[PDB]
Every structure is written in structure tokens, then in C-alpha cells.
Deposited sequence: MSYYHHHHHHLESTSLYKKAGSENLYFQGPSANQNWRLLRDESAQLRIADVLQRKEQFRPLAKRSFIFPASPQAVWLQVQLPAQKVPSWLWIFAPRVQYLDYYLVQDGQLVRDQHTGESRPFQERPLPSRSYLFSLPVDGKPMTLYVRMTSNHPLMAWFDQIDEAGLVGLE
């Protein structure tokens, strides 16, 4: 029972455009984290969310991720894109604020790394974990 699905792209060639054509390949998550042996795969997280009532963030904790790409889709078009990751930066968290605009949204996160790829992620709002 979760809005959190995952796609492993062992080839690392999928771009956001490609991944939008591939939604039935995202598989469900039993839990909001993952861990994989160090490799050149791209891992894609897809988060399907309803329209938001209150300020929220996507929180991801992903140590040693070298490239983290974040995309926000509505509705079938790309509204925000940010490109970050460890690439003199002492943080390993990422927050992305989520718009309150009466619309559903999809988030996509691409992660790549030369180390074991792991991450934990949650939706949080000002009272904490969305869902209480």
C-alpha cells in the first residue's frame, strides 16, 4: 500500500523523457529505502502524490550519491528540474519543497554512484511524517 515505486536501469541510458514512457516498469517498494552493490546502474524512484493541502517536502538521505537528479511532473510536463549530488559539502540530505496548487504531481529521482547505492526517503510536512 504505497505511492513509492522503483526502477533499476542497469544501462544508465534512460533520460526523464524515456522514463515517462516506462511507468509500468516501476515496481513497488516494501519500504522507503534501498541498498545495492556499488555499480554503474541508475536507480529511479517514482513518487505519486495527490494534490497537497499543506507545505511538504520530499526528504532523501543518500550518502555518497554522486549524481542525484530530481524532477517534478505535472501533468505530463516537466515543471522543475534540479541536478545535485556529492558531484566541500558536509551534508548528505536533500529536501525538495512540494507545491500546494490543487494538482497531483509525480516526482522522479535518479541516482547514480561509484559506491554502494543506498537511500532512505520520506514525505514530511510541518507536523512530521505525512500520515502521522
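The deposited sequence has C-alpha coordinates everywhere except the stretches 1 to 32, 120 to 125, 171.
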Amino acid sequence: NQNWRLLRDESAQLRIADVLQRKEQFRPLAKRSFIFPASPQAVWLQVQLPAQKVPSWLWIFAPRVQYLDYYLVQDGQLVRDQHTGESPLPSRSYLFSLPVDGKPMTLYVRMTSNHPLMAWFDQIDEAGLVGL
From here on, numbers count along this sequence of modelled residues.
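Remark: stretch with higher mean C-alpha B factor among 20 to 28 and 110 to 118 is 20 to 28. As listed in the deposited structure, the average C-alpha B-factor of 75 to 83 and of 60 to 68 is greater for 75 to 83.
Within the listed group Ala38, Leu49, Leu89, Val54, the record reports its top CA B-factor for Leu89. For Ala127, the recorded CA temperature factor ranks within the lowest third of the chain's modelled residues. In the PDB entry, a CA B factor belonging to the highest third of its chain's modelled residues is recorded for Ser93.
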